[PDB]
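Asks: Encoded as structure tokens, here's the structure I'll be asking about.
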Amino acid sequence: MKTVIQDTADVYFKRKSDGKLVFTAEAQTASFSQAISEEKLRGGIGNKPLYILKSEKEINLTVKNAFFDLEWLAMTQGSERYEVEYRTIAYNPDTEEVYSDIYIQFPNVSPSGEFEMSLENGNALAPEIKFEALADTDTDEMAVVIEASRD
Amino acid sequence: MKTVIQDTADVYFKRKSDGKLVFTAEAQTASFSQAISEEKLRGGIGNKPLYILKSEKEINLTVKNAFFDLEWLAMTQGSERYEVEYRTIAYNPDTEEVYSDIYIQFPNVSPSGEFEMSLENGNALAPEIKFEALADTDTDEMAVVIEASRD
Amino acid sequence: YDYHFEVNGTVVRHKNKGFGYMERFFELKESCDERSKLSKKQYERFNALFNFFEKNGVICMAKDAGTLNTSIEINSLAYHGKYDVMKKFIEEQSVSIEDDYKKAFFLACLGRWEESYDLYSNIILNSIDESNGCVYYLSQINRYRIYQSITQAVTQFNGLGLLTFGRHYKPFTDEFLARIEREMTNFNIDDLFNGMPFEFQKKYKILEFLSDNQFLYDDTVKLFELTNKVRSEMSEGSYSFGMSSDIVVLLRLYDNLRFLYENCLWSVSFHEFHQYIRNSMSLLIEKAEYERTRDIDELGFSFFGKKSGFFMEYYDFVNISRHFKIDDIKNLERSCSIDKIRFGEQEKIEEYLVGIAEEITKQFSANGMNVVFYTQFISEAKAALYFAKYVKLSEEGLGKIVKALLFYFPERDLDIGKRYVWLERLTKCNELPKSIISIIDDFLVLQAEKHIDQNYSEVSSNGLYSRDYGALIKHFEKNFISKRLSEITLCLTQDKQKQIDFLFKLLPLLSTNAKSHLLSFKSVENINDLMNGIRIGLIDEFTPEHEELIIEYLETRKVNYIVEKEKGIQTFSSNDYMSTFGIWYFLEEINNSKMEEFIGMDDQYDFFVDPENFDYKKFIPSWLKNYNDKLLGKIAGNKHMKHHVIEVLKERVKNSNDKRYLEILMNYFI
Amino acid sequence: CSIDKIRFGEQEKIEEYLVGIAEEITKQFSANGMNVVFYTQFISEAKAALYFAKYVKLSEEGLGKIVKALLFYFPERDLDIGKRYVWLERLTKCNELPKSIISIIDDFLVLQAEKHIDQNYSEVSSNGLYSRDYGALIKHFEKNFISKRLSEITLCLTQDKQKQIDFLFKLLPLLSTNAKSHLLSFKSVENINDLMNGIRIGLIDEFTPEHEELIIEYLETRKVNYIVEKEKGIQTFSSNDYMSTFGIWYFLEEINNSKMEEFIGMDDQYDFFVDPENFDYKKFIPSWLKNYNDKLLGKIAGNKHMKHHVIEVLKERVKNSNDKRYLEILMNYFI
């Protein structure tokens, strides 16, 4: 009743081209990493270059799930734009009331899993999943948000 | 043979105004420190000083490989602040021969180390000591360095 | 515990209350006359001692010892990355129990485990026939960690595999799993040292520590102790030439390095050793470069007026290839420093590079594929490829790497943008000879032979495509007009239009006839084509039609932005062309005055085109990192409002926790 | 990396435990009992609880109990005043330093003057504090004082107490006017150390040709000491080395003598300050900027000869280190 405070989050997945329902109940770690950097990508010729807009834009996703779905998992036992739709909530410190919901959506996510969880002792499962943000050539994609704090 | 850096360094002491010779020798630690720190202790003055060169100084000195001695220990078993001299050998990278020695000595030193280790797993003695090099108000003190290799 | 064995090879008394039997032995070692006062009865045991005693390298005690030196060498061929010779040895028949143990070790080294487990099964069956003590328990540990690895990988493919590889790859027969699970229901390793004959431990007390989970506890404690020990020793003292810092660290480092790596025990691929190597290597580089740049008033350099400099050896490089993810600069360049040392001699490390490259080409060039092998090779190869950039050597090494990366690397684990990142960072410390240019040209030809698919989109996480390869080719050699690209452009008619994007992206590397054909095949209607034409440098000025098109695009942006604001769905526009338009306006490139009616869409646009009516409370500091273009200097050359610029600069550098924000103006004006 | 404030405060428990850890010193060997087990604890956590001045903000009573305490009720294997005084200054950022506290450090330094006798142990001051620093310490936050207890102490003594008269001589600003007049007689006239003491305590205001003669005498003594050291191959580092002081005094019009230039080539800072034109800037150790005042850094940034390489070495150091003081001095003054 002192300061062991903490919140929760929702993680929703989806497979494109059909209405497949895949989601994650809870994400404890939920380490979100965003990187912008550059080293050198300009020759420097043509007198007036007239343009430069390079910016390395990567979005990293990480969830831990114990709920895959057998509805399809069993059928597949005997890909798609895993596209991800994060869900969470926000609170106002002045009132501390449930009034706002925050959605985060990614329409093109390709999982980049590492096959090296080599460890001696048996853990509490905890199959941490890490994702990479993939983009097409056309336009848009990356992240989309919806605000639900209307009053 | 392949890759390891190796030398030796000894630790020697003495007592001021006495011929007492009782201390650890050849401490592999023989650790030392030096620091100059300044703070806001002159933020305000009669607006006509010359200089004081305050320069808060700090000197740690720790040596540890035990086996101090047994004779002067027994004599004292029944505050001159002691005296310490140090010796280090420098090797020529071009020739790699024993040609140069470095002499270090401090007039005043105060061994002020914590007196409660109490490790659960009994070590091989290991009574680590630390020292603070004191200075008087007359002059000199700190380090008197004599350079060998007069060839 | 009668003697405390210092890892430096010298021994000291710990609990010996009796005669100095180690002192007696060491004083006998240095005296040949006393060695001559013994019969063959003790000589038969002197012969036995000699071998391993000098194999480790114990010299004397810590009192009279002078300048010491340890021997570092690895006979672990599995560590040498030559799998072909181990396959050759595997095909060899059986000789004896010890040889069976070695062969089991190499079978485990290949990754597949079925026949390996069968082999340890038979060896447990017949081990008591030879009544060999230690190897029996070593084989217990063997089969235990083999099963642990199999089950862990199974849990990994257990789920994860279907999403990753698309198909449920079952590399093990269900009968095998049923048998192993029925024979390992209850087995826990704690009693593995409790149920063995009591004559075992009296002769093998030391070796029990490899059974339980204490395989790492005794090791990492001193590591994480000395880490802060030296990190706080820092650069003001605790100073000597060969007793400062990692002295004992190399000792234990290469003493326990080959322990499992030469006895041929199995979990050589475990995150414990990822951990151990990464930490160890970091301590080495840290001591070296804290020596390197430390301030020396008079006595800082009087001590150790020589440096070890961390001259890394082939063994360390292989460690980085095997068990390194940050690989050390990946985070310890954003954090740590670098300045030259000598990346020294090479004996056959180029042969190891080809021992990686040719094995990769043979594997990915063969239809047969082992998923366990691919999973146990992909990460180590990734590390080796990522850190073969800084090496410079006879291009024996370069062309095989380029060919293998271009033609055999899996496309599920990497996209084109990260591929170019690998090839661009390859040339950071290396030039561009003709062989690599030919190889990448052949790769581009293969890509052109691929671009017929009606649904392929070339999805990438970096935004860079094959056009960047021709761009790099021009950057190092402008006069390399292509040959086959002109042919494929000429052979393409107006009926098919799916290659228009690729031809526009790679139009600079085309013949004059190809250029004329593409000019007759040009089309500019949307926004992307204009951006691409500007990118290649073809477009110099702007026609009124382009201004009208950009005004229409901005009007559409406004009429959808107002709708989004009405509902309350904030906008992102990840490919923020509005910032590009702000850049257009700021640099006097477009001198129109019709874009001032759209002020307020984004904070960046307000900062760019509205300097008089902008509030600096919404200043995002990431706007200084988008680039390194001179454009940053041009826009930072401010006089009117530079007070706010220096205010935010001093607020940011008060922490001084980002090296970019300081090295941007380190000596740029100088 | 260290910001000094954070969310600091929480008077209640930090203040009670501050005074509570102040309390045990009262029951001490100087009062009663020297059990070593108590000193096996001694300070294992508390000399830095003295450094806990920079950390959170305290109260007036915290200022009071952080100070008339230790002055007694303590054993003597010294743990020194360098510590005492640096933490005394380090509390200044926390709160005010007059009526709550100065009304007791006045008596503290008076009782300090009470200490010295003719010839017992000379003086040490451990790290090289000098006790006398109190004269300028009062000037740091306030002006001269009129304290009367040590004034009577110096008004009763007349002779033979050389150590007592010289040590209390450095508390002249807090003396009474009659005390100052009495101490001006039978006082060490022109000893070099006493000359620095007098000019530090504000007794002297301007240099004199006799002071110049003493300065050149010290310079030639240092030169012959360096000559014999080079004969014996000996190097000495002393806390009482004023060569840098002489160099910077010559740099900023304090000494107008031209005969002082003959000693170039003995100390690195001496070459750096006395001869900016011919100085080899490689020997300039960049750690000396810490012990330079704000006005010294400002004046050192107005001259041409210390501008070409100083900015470059500062840039190299601040790229090669994460320290904040050099960064602050380079943008605040050097830029």
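Starting from 1 in every chain, residues are counted up; chains themselves are A, B, ... following the order of the structure tokens, and ligands are numbered from 1 as listed.
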Using only C-alpha atoms, I'd like every residue of chain C that has an atom within 6 Å of chain A; please write them out as a list in words.

Replies: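 Every residue meeting the condition is included here: residues 270, 375, 459, 460, 461, 569, 573, 574 and 626 of chain C.
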
Asks: Over all Cα atoms paired in order, how far apart are chain B and chain A after a least-squares superposition, as an RMSD in Å?

Replies: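 Chain A versus chain B: RMSD of 1.5 Å.
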
Asks: Could you tell me how far atom CA of residue 2 of chain C sits from atom CA of residue 36 of chain C, in Å to one decimal place?

Replies: 28.7 Å

Asks: What are the DSSP alpha helix (DSSP H) residues of segment 237-321 of chain D, as number ranges by chain?

Replies: D: 243-251, 268-274, 294-300, 310-319

Asks: Write a file of the just-selected residues containing N, CA, C and O atoms, as a CSV table (one decimal), in the first residue's frame.

Replies:
chain,number,residue,atom,x,y,z
D,243,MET,N,55.7,28.0,-6.7
D,243,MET,CA,56.2,28.4,-8.0
D,243,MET,C,55.1,28.8,-8.9
D,243,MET,O,55.2,29.8,-9.6
D,244,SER,N,54.0,28.1,-8.9
D,244,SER,CA,52.9,28.4,-9.8
D,244,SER,C,52.3,29.8,-9.3
D,244,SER,O,51.8,30.6,-10.2
D,245,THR,N,52.2,30.0,-8.0
D,245,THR,CA,51.7,31.3,-7.5
D,245,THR,C,52.6,32.4,-8.0
D,245,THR,O,52.0,33.4,-8.5
D,246,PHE,N,53.9,32.3,-8.0
D,246,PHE,CA,54.8,33.3,-8.5
D,246,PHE,C,54.6,33.5,-10.0
D,246,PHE,O,54.6,34.7,-10.4
D,247,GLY,N,54.4,32.4,-10.7
D,247,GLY,CA,54.2,32.6,-12.1
D,247,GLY,C,53.0,33.3,-12.5
D,247,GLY,O,53.0,34.2,-13.3
D,248,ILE,N,51.9,33.0,-11.9
D,248,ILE,CA,50.6,33.7,-12.2
D,248,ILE,C,50.6,35.1,-11.6
D,248,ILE,O,50.0,36.0,-12.2
D,249,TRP,N,51.3,35.3,-10.5
D,249,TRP,CA,51.4,36.7,-10.1
D,249,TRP,C,52.2,37.6,-11.1
D,249,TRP,O,51.8,38.7,-11.3
D,250,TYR,N,53.3,37.0,-11.6
D,250,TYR,CA,54.0,37.7,-12.7
D,250,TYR,C,53.1,37.8,-13.9
D,250,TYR,O,53.3,38.8,-14.7
D,251,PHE,N,52.2,36.9,-14.2
D,251,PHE,CA,51.3,36.9,-15.3
D,251,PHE,C,50.3,38.1,-15.2
D,251,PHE,O,49.9,38.6,-16.2
D,268,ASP,N,56.8,23.4,-14.9
D,268,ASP,CA,56.0,23.4,-16.1
D,268,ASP,C,55.0,24.6,-16.1
D,268,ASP,O,54.9,25.4,-17.1
D,269,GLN,N,54.3,24.8,-15.0
D,269,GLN,CA,53.4,26.0,-14.9
D,269,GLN,C,54.2,27.3,-14.9
D,269,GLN,O,53.7,28.3,-15.3
D,270,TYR,N,55.5,27.3,-14.4
D,270,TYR,CA,56.3,28.4,-14.4
D,270,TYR,C,56.6,28.9,-15.8
D,270,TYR,O,56.4,30.1,-16.2
D,271,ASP,N,57.0,27.9,-16.7
D,271,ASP,CA,57.2,28.2,-18.1
D,271,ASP,C,55.9,28.7,-18.8
D,271,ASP,O,55.8,29.6,-19.6
D,272,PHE,N,54.7,28.0,-18.4
D,272,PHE,CA,53.5,28.3,-19.0
D,272,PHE,C,53.0,29.7,-18.7
D,272,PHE,O,52.5,30.4,-19.6
D,273,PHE,N,53.2,30.2,-17.5
D,273,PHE,CA,52.7,31.5,-17.1
D,273,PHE,C,53.7,32.7,-17.3
D,273,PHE,O,53.3,33.7,-17.8
D,274,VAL,N,54.9,32.4,-16.9
D,274,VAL,CA,55.9,33.5,-17.0
D,274,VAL,C,56.2,33.9,-18.4
D,274,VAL,O,56.3,35.1,-18.8
D,294,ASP,N,37.4,31.6,-11.5
D,294,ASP,CA,36.6,32.0,-12.6
D,294,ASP,C,37.2,33.2,-13.3
D,294,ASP,O,37.3,33.3,-14.5
D,295,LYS,N,37.7,34.2,-12.5
D,295,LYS,CA,38.4,35.3,-13.1
D,295,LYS,C,39.7,35.0,-13.8
D,295,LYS,O,40.0,35.6,-14.8
D,296,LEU,N,40.4,34.0,-13.2
D,296,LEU,CA,41.7,33.5,-13.8
D,296,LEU,C,41.4,32.9,-15.2
D,296,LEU,O,42.1,33.1,-16.2
D,297,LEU,N,40.3,32.1,-15.2
D,297,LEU,CA,39.9,31.5,-16.5
D,297,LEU,C,39.4,32.5,-17.5
D,297,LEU,O,39.7,32.4,-18.7
D,298,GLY,N,38.7,33.6,-17.0
D,298,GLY,CA,38.3,34.6,-17.9
D,298,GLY,C,39.5,35.4,-18.5
D,298,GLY,O,39.5,35.7,-19.7
D,299,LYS,N,40.4,35.8,-17.6
D,299,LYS,CA,41.6,36.5,-18.1
D,299,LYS,C,42.5,35.6,-19.0
D,299,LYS,O,43.1,36.1,-19.9
D,300,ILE,N,42.6,34.3,-18.7
D,300,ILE,CA,43.4,33.4,-19.5
D,300,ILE,C,42.8,33.2,-20.9
D,300,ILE,O,43.5,32.8,-21.8
D,310,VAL,N,45.2,25.6,-26.3
D,310,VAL,CA,44.3,25.3,-25.1
D,310,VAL,C,43.0,24.8,-25.5
D,310,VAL,O,42.5,23.8,-24.9
D,311,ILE,N,42.3,25.5,-26.5
D,311,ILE,CA,41.0,25.0,-26.9
D,311,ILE,C,41.1,23.7,-27.6
D,311,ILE,O,40.3,22.8,-27.4
D,312,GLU,N,42.2,23.4,-28.3
D,312,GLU,CA,42.4,22.1,-28.9
D,312,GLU,C,42.6,21.0,-27.9
D,312,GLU,O,42.0,19.9,-28.0
D,313,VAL,N,43.4,21.2,-26.9
D,313,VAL,CA,43.6,20.2,-25.9
D,313,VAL,C,42.4,20.0,-25.0
D,313,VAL,O,42.0,18.9,-24.6
D,314,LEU,N,41.6,21.1,-24.8
D,314,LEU,CA,40.3,20.9,-24.1
D,314,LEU,C,39.3,20.1,-24.9
D,314,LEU,O,38.6,19.3,-24.4
D,315,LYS,N,39.3,20.3,-26.3
D,315,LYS,CA,38.4,19.5,-27.1
D,315,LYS,C,38.8,18.1,-27.1
D,315,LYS,O,38.0,17.2,-27.0
D,316,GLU,N,40.1,17.8,-27.2
D,316,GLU,CA,40.6,16.4,-27.1
D,316,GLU,C,40.2,15.8,-25.8
D,316,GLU,O,39.7,14.6,-25.8
D,317,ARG,N,40.4,16.5,-24.7
D,317,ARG,CA,40.1,15.9,-23.4
D,317,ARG,C,38.6,15.7,-23.2
D,317,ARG,O,38.2,14.6,-22.7
D,318,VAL,N,37.7,16.6,-23.7
D,318,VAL,CA,36.3,16.4,-23.5
D,318,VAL,C,35.7,15.5,-24.5
D,318,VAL,O,34.6,14.9,-24.2
D,319,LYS,N,36.3,15.2,-25.6
D,319,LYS,CA,36.0,14.1,-26.4
D,319,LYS,C,36.5,12.8,-25.8
D,319,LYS,O,35.8,11.7,-26.0

Asks: Looking only at strand (DSSP E) from DSSP on the backbone, list the matching residues of segment 6-95 of chain B as number ranges by chain.

Replies: B: 10-14, 31-32, 35-37, 56-58, 60-63, 83-91
